[PDB]
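We place every Cβ from the backbone using ideal geometry, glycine too, and count neighbours over all the protein chains shown. Please treat every number below as a calculation from the coordinates, not as lab data.
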Amino acid sequence: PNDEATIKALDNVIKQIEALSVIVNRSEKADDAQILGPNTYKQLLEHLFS
Amino acid sequence: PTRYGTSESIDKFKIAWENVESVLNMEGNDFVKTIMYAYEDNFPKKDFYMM
């Protein structure tokens, strides 16, 4: 056996495992709530007589 | 022998085969590599790996 291929294979598999073990899962999504604004009731036309 | 032997799904073969085809690409292994890649249809990768 060529002892220099085993070392390279071990290094490669160790690098793969180390790379796979650093990935993090973090999400910073917003919320579905809607910001509300001010409003004023409007007046419908009316007629007054006595 | 404890896990991932015969029952392993075909999806796991990519990881296992990578080391073998990395070993086959070094100097001094060109005869076996050529014979293996030339006749993959008759002797597949899975039977070679099992052997």
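Out of the residues in region B:14-51 meeting the condition of being in contact with a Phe, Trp or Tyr (Cβ under 8 Å, 6 or more places away or on another chain) and not charged (D, E, K, R), tell me which one is nearest to residue A:14 (Cα to Cα). If we take residues in region B:14-51 being in contact with a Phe, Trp or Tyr (Cβ under 8 Å, 6 or more places away or on another chain) and not charged (D, E, K, R), then B:16 is nearest to residue A:14 (Cα to Cα).
Going by what's in this entry, would residue A:31 be described as within 30 Å of residue B:29 (Cα to Cα), among the acidic types (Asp, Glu), more than 11 Å from every other protein chain (Cβ to nearest Cβ) and loosely packed, with under 10 Cβ neighbours inside 10 Å? The answer is no for residue A:31.
Check region A:8-17 and report whether any residue there is exposed (fewer than 10 other Cβ atoms within 10 Å of the Cβ) and closer than 22 Å to residue B:16 by Cβ. Yes; the residues of region A:8-17 include at least one that is exposed (fewer than 10 other Cβ atoms within 10 Å of the Cβ) and closer than 22 Å to residue B:16 by Cβ. Limited to region B:2-20, what total is found for residues that are within 14 Å of another protein chain (Cβ to nearest Cβ) and surrounded by 12 or more Cβ atoms within 10 Å (Cβ to Cβ)? Of the residues in region B:2-20, 6 are within 14 Å of another protein chain (Cβ to nearest Cβ) and surrounded by 12 or more Cβ atoms within 10 Å (Cβ to Cβ). Among (1) closer than 24 Å to residue A:11 by Cα; (2) out of contact with any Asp or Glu (no Cβ under 9 Å at 6 or more places or on another chain), there is one condition residue B:6 misses while meeting the rest; what is its number? The failed condition is (1).
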